[PDB]
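Visitor: Whatever this is, show me its structure:
(chains A, B, C and D)
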Amino acid sequence: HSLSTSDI
Amino acid sequence: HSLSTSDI
Amino acid sequence: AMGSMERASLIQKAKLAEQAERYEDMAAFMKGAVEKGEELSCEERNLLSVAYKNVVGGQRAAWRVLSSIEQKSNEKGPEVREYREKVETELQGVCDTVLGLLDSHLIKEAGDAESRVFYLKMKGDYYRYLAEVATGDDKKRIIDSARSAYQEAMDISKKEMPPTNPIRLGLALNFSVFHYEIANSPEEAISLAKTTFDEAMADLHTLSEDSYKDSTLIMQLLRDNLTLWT
Amino acid sequence: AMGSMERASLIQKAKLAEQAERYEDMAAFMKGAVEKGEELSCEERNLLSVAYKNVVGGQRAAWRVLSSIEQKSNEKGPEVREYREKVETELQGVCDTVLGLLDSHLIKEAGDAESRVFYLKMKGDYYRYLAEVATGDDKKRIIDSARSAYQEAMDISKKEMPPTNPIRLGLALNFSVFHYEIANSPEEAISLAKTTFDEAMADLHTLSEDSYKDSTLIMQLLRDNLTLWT
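Guide: Residues are numbered from 1 along each chain as shown, chains lettered A, B, ... in the order given. Right below this line is the structure:
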């Protein structure tokens, strides 16, 4: 999936 | 903190 | 989660909520199903149990975290106590809901032994959860209500279930926990756990390859608790 | 509700809620703290962001589970659609609450380029979450709001922040996600990510051990997205 800032 | 059936 | 929804559709959505780890939704869907008046199958009983087990389980974990901070600081500001009181009230409201459904719909004079034990054990557990947070004469009444539920479930399980039956095992386990942590009788708890384990071990060869895992998992918990308690 | 509680107490309870993994409670405490009208410190900004990030995060994960189960229609009953709508409405209500807080209290012309970028990035993120579930003319209207917010945050970051500033990196990270997933522009997404990574990489030798830890953490997320997108 696409990682954002939520993903540490 | 004893183990019960919730911890199986 | 309401009374305008077919019973079968509530079961479907309870399973969806479980997949999405939306256990508050899941409990609400199963509450709506119970309130339809019909009996729950074995699979449906477990959906009910899993749903509320997760909801109350998160509240109990939160209550324990805040209660330790309150006692550690007991040896300051009222923020910890104030918030711990809010979590406590929320936990009690869930336990009351569960106990209400049990008394109102699920605990029947005569069903099959599997189900009669299941609901009476559940009654004992959720009275036990209330006892974890109660304090005064109200606690004495809760404990006695837990004991009677556990004891009646125990009596049925010993008369109608073999010693390796996972539901009988799970009952004895939680009952031993009741003795240790609620009734403050560590000798009864150790005795009950050891006796339950030994009588299961003596029969373990009589189990099929499938049901072997369900019983041994509980037997390992009994053994884990015995290490803790001794 | 929270109006009778001191600002400092609300912050203490938000930290307690975080310890207890009570993120819905944590968001309500921080919402109350913001509504006191006073600016948030860097510490308090992150408490707010962490709280609602966990709340909306669970809803997004649940919406995705249900949406794929719903999309697998012929590769049927209405239960999946109905429950997905319920979750969707709930997700939207949280995003609206965050956007309402940003417009009403947090987004300001005053303040350092750190708070200003932080809140504008947050506005873009939560319009993006809304875009993930919208459909029609309301959707384009939503995407424009996310784009506009990300761009204004982008403009501030590239003017007042070095390339290794973690807040600048995280904004660029999320903006590139916006391009790839919302705007359907993989070329722009890949270009922005690569540009952000390389420009930060070239300045890593000017950093201390602590800054080096913060920057590389986000840069690895840019690396992961790049290797996946190309």
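Visitor: mind checking the SS state of residue C:164?
Guide: Per DSSP: H, G, I helix; E, B strand; the rest coil, the secondary structure class of residue C:164 is coil.
Visitor: what's near enough to touch it?
Guide: Contacts for residue C:164 were tallied using C-beta atoms under 8 Å, 6 or more residues apart in numbering or on different chains; they are C:200, C:203, C:204, C:206, C:207, C:211, C:215. Bear in mind the C-beta positions are built from the backbone N, C-alpha and C, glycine included.
Visitor: Check the secondary structure at the most centrally placed residue in chain C for me.
Guide: For chain C, residue C:125 is the residue whose C-alpha lies nearest the centre (C-alpha atoms, centre = their mean; 3.7 Å). Secondary structure, three-state DSSP: residue C:125 is helix.
Visitor: before we move on, the earlier item: just the closest of the contacts of residue C:164 to chain A, please.
Guide: residue C:211 (38.8 Å; C-beta to the nearest C-beta).
Visitor: which residues does residue C:213 contact?
Guide: With contact set as C-beta under 8 Å, 6+ apart, residue C:213 has no partners.
Visitor: For chain C, which segments count as helices?
Guide: Under the criterion DSSP state H, helices of chain C are mapped to C:7-19, C:23-34, C:42-74, C:79-101, C:113-133, C:137-160, C:166-177, C:186-201, C:212-229.
Visitor: Run a quick neighbour tally on residue C:230.
Guide: By the criterion of other C-beta atoms under 10 Å in any protein chain shown, residue C:230 has 9 neighbours.
Visitor: Skip the chain neighbours and tell me the closest residue to it.
Guide: residue C:190 (6.3 Å; C-beta to C-beta, 6 or more residues apart in numbering or on different chains).
Visitor: Check residue C:221 too.
Guide: Leaving out its chain neighbours, the residue that sits closest to residue C:221 by C-beta to C-beta, 6+ apart is residue B:3, at 4.7 Å.
Visitor: likewise residue C:33?
Guide: Closest to residue C:33 by C-beta to C-beta, 6+ apart is residue C:10, at 4.4 Å.
Visitor: again, but for residue C:114
Guide: Nearest non-adjacent residue to residue C:114 (C-beta to C-beta, 6+ apart): residue C:167, at 6.1 Å.
Visitor: From residue D:74, how far off is the closest residue to chain B within chain A?
Guide: Residue nearest to chain B within chain A (C-beta to the nearest C-beta): residue A:8, separated by 28.3 Å. Here residue A:8 is placed at a distance of 38 Å from residue D:74 (C-beta to C-beta, to the nearest Å).
Visitor: between these two, which one's more packed in?
Guide: For the pair residue A:8 and residue D:74, the greater number of neighbours falls to residue A:8 (8 against 4), based on other C-beta under 10 Å.
Visitor: picking up where we left off before, surely the residue nearest to the centre of chain C touches residue C:175?
Guide: No. Contact criterion C-beta atoms under 8 Å: residue C:125 and residue C:175 do not qualify, at 9.7 Å.
Visitor: Deepest in the core, which of the helices of chain C is it.
Guide: helix C:166-177 (a mean of 25; mean count of other C-beta atoms under 10 Å in any protein chain shown).
Visitor: okay, now residue 2: neighbour count?
Guide: Using chain A. Around residue A:2 there are 17 residues (other C-beta under 10 Å).
Visitor: actually chain C
Guide: 9.
Visitor: My read is that it contacts residue C:33, right?
Guide: No. With contact defined as C-beta under 8 Å, residue C:2 does not reach residue C:33; the gap is 11.2 Å.
Visitor: any idea how far residue C:208 is from chain D?
Guide: Distance of residue C:208 to chain D, computed by C-beta to the nearest C-beta, to the nearest Å: 34 Å.
Visitor: what about the residue nearest to residue C:67 when sequence neighbours are not counted, distance to chain B?
Guide: In space, and not counting its chain neighbours, residue C:67 is closest to residue C:84: 5.9 Å by C-beta to C-beta, 6+ apart. According to C-beta to the nearest C-beta, residue C:84 stands 17 Å off from chain B.
Visitor: residues contacting residue C:84?
Guide: C:63, C:66, C:67, C:70.
Visitor: Quick check: the farthest pair among these?
Guide: The span of the contacts of residue C:84, defined through C-beta to C-beta, is set by C:63 and C:70 at 10.2 Å.
Visitor: residues in contact with the residue nearest to residue C:230?
Guide: Residue C:190 neighbours (C-beta under 8 Å, 6+ apart): C:176, C:180, C:226, C:229, C:230.
Visitor: Need the max-distance pair from the residues you listed.
Guide: Pairwise distances across the contacts of residue C:190 peak at 12.5 Å for C:176 and C:230 (criterion: C-beta to C-beta).
Visitor: picking up where we left off before, what number of residues lie near the residue nearest to residue C:221?
Guide: Residue B:3, neighbours per other C-beta under 10 Å, totals 19.
Visitor: helix or strand for it, which one?
Guide: Residue B:3 belongs to no helix or strand when elements are defined using DSSP states H and E.
Visitor: Quick check, it in contact with residue C:227.
Guide: No. Checked against C-beta under 8 Å, the pair residue B:3 and residue C:227 is beyond contact range at 10.2 Å.
Visitor: And the residue sitting furthest away from the middle of chain C, how far from residue C:111?
Guide: For chain C, the largest distance from the centre (C-alpha atoms, centre = their mean) belongs to residue C:76, which lies 35.3 Å off. Between residue C:76 and residue C:111 the distance is 52 Å, computed by C-beta to C-beta.
Visitor: can you check residue C:72 too?
Guide: Using C-beta to C-beta, residue C:72 is found at 46 Å from residue C:111.
Visitor: Then residue C:96?
Guide: Look at residue C:96 and residue C:111: by C-beta to C-beta, they are 24 Å apart.
Visitor: Can you pull the residues of chain A lying near chain D?
Guide: For chain A, the contact set with chain D under C-beta under 8 Å from any C-beta of the partner chain comprises A:2, A:3, A:4, A:5, A:6, A:7, A:8.
Visitor: right, and the second one touches residue D:227 too?
Guide: No. Using C-beta under 8 Å as the test, residue A:3 is too far from residue D:227 to be in contact (10.7 Å).
Visitor: tell me the contacts of residue 7?
Guide: Because you didn't say which chain, this covers chain A. Contacts for residue A:7 were tallied using C-beta under 8 Å, 6+ apart; they are residue D:221.
Visitor: Can you look at chain C instead?
Guide: Residue C:7 makes contact with C:33, C:36, C:38 under the criterion C-beta under 8 Å, 6+ apart.
Visitor: Flag every residue of chain A that's near chain C.
Guide: Applying C-beta under 8 Å from any C-beta, we find that chain A lies next to chain C at no residue.
Visitor: Against residue D:217, how distant is the residue in chain A positioned nearest to chain D?
Guide: Ranked by C-beta to the nearest C-beta, the top residue of chain A for proximity to chain D is residue A:5, at 4.2 Å. Taking C-beta to C-beta as the measure, residue A:5 falls 10 Å from residue D:217.
Visitor: Equivalent analysis for residue C:78, please.
Guide: As judged by C-beta to C-beta, residue C:78 and residue D:217 stand 38 Å apart.
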